[PDB]
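Two forms, one chain: they're shown below as structure tokens, one block per form, named structure 1 and structure 2.
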Structure 1
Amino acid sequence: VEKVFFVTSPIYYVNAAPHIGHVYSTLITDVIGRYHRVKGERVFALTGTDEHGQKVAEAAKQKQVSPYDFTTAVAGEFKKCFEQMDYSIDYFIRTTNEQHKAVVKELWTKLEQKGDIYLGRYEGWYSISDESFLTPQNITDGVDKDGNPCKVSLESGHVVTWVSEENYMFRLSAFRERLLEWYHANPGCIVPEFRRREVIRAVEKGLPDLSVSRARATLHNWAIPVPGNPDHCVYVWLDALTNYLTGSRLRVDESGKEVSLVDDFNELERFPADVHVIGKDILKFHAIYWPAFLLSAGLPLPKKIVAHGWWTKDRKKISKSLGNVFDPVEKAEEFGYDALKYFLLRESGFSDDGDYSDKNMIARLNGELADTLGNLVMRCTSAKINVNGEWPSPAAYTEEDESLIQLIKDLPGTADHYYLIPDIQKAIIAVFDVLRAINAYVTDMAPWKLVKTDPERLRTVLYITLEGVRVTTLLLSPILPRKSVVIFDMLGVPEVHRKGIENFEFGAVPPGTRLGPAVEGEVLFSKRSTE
């Protein structure tokens, strides 16, 4: 089936200013989308803010201003942050959006008409901070804003409160068997595999029904009224997850504003999501609740959920209160935007909780970006080595030559598979293995000596090196969007050859193609010292 490739980030709570986690989640969403665009597919990448709920309402009361004003301000900080980060997200959705509210009421009504919503009670623990229902097994003793004996979440250490309310209940218990068939029928639907095994384990045990409304007073009336019952507000998470459906139904003008909400998702060809990017902390909502609502509603399920780990800086937890900040915009202004993105995507894979340090950041920048990639691009474009500033016509290939060409021919297929898992770390590693090999070959052939000893041999070496750099750069273009463009400009690659699977093939740029012009004292990535 040919559709718009639909990739999403979570929509983030606006209780506080944007930080590394949100930037990271959205970066992953952005990269996946960028990769599919270079394959020449239609893409719709979505991000946004989760604006209702007790959490956010209470954060706005502590700042002493109205929820409308608070949400709008912090939403503006998220937008500015994501604009500053230089993503290519197609739409930014806000749950306060009036068209989103409409979609929630449709979905709610669908679940009701299906017989999957009844009036009951929830008597149990709740984490306001995580907007999450918890069982006694998932709580323990801790301390509060005072240092008094309270209870807290085992998942996140946030304070939990006991809740005893008449609530509308969704019949989650009835979807155990269908969710299990879904996980087994699609054994790559949740990534990484161990997180997938976690979900199955939990659903195997049993599922209780889920509260999907709350008494209106508890939410400080900052939520979507339940259709036909204004005493209840819709569960912030049922509201939030619906953003994926809403976004799938919004037509967006060139400027980025929503102009229209279609009746049927099939109209825009986006739903269901091909990949939901999320953090491990919200897996249950996406892998258990969401598919269950969708099955209830008769809507198609997503194809993949990819769930990633948390970040630390210098092996310490990130918190401005604890005196350990990690400002991405600041670190990007220092070391470069593409470099920072590279590091975040290279340093840790999804199954791990990565660790930033200035030490390790400078090591990768210098080692991989400058010494391996940058160095190689300057060599094959240098006036010393490439005396005509053109793509030379290759002569006969040696066996060594071919060993390298084979690695390059194989690289796209391999990088492709990793991008589609998705496993961006392994895609990057694959590309740089090929880059290390090209460097080894260039050291080995010593083209600088060939300039005078064997010009005919130089043509071959130089052509392979150029083509290896082009192909590796193309495949890195979702990771280094701006730098890939500089590289292609230096290689003088025509625009048409900078995307499309046609240009994954070795030899797509003809000999005779002219290099771009040099600039006095230019460098791709410049090295930073070890303080």
Structure 2
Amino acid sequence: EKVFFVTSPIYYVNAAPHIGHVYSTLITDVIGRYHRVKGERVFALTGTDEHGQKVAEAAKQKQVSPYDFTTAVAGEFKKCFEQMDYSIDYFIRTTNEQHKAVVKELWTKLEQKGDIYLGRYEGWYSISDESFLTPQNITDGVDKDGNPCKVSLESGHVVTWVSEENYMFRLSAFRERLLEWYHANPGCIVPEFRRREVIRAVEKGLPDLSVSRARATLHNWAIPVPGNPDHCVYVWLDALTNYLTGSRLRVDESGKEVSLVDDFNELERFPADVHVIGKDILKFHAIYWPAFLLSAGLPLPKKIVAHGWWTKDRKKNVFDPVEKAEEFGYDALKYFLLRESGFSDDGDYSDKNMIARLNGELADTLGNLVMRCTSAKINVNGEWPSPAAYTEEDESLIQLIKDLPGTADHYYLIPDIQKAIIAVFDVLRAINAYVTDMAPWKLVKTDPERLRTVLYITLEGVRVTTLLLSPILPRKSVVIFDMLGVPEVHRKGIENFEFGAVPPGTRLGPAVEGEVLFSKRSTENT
């Protein structure tokens, strides 16, 4: 097989990192984490998009060199992402000398294949989105001065007219084939309604894309077109190539890049198994990216998943990812974002709701359940008991726990992480209802033979749910497993998705004094 290759979009370094970037990368991170938990080879990629007019003109407005500015902001992105405790394998920068090489090579391939020609683009362009737009996608709006101007219907930013001699990619010639690709691979774009957006857009027709810009326009802050120093490679063709680059970089233990391989196969990563993106950058990944790859005779990605947030921009609920993490907890925060947000963001991100979920699901449902099946009160010998005979209620719960991995697996592979969490927690609420009925606290006295059966199922339930919640709560899953005393070997691998991987007689971990797994926040805000 292959290295499971998951990516996030590489973010413009025009401004400090914020929740949006963190969320996108968090999705990339989780998908990665779950595949490692299945014991697969993983390579999760993230990074910054440093070239372009947008970034150049942000660096100019802060009275600083593009090189110095992008290094600065890039550093802030890395710091942020380190604080968030992702398990990302590499942070790429499009200023990397080796990335530049891949871009020049891809361009040459495109030119050699006959799909790049010298023409003009005369039309609208949004600098903030670095996006060509047709007149149907612009409208009337207000310049930040206050004067009347034209803006993008998509994003809302100011659009400007551009008339330039540019190099043009023959995107038009790839309509028939992109349509074949969407139809033949109906999981390739997720969620389904966005997939239908891409097909209708492409069905309507595709014009040629301008893959270069005049040197001056971009303030010489971009990759030169091979064989034409007066032009620069479109920031987006540059940016997209990051995926091919990352697939070709050998990385040391520091996470520093040490070599660029000649051919993507050497590292067994390309094409991406999943590109995590946001809704604002769909066309670049679903239309251009493959059209480029089809031209160069490279393989197409397997899945693009486009979540409900804007990868860029400040909208809505002011969140500092790190200040909320320090406030409510890191794993708790990540859980909250992944649980509360589905594919259309009808999400309630208020403090009230965060507290309600942390208290509700993380403390009451998961938390209380862990503390019960490890309590000296209930689990008197601090060990995994041997179950006696199973009742029909016993087996009904066992069935749920046995089916959870199959279900959770599918949801992660769509991927729909929200559905995966709900799936797991459905099984947790069930376990709690079982314990409530069985009153194990009473059985300690009455029927110890029975309690063995009840404790074992509860323990195994907790174990398997926690295993499946480990890509969401990576730190707290370790705290859980320590409490249950699960050996390191049983914390990973599809072998341990099975009911009863941990044998009876396994001892629980040391009970720490005044220990709380998820501490309850104050429900009463006023």
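For residue numbers, the reference is structure 1: its sequence is counted from 1. Just so we're on the same page, rigid core means the largest C-alpha set that superposes within 1.5 Å between forms.
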Identity of the moved residue from 175, 168, 182, 311, C-alpha shift 2 angstroms or more, core fit between the two structures: 311
Displaced residue check between the two structures: residue 352, CA, 2 Å or over, core reference: yes
Rigid core superposed, the C-alpha shift at residue 144 between the two structures in Å: 1.0
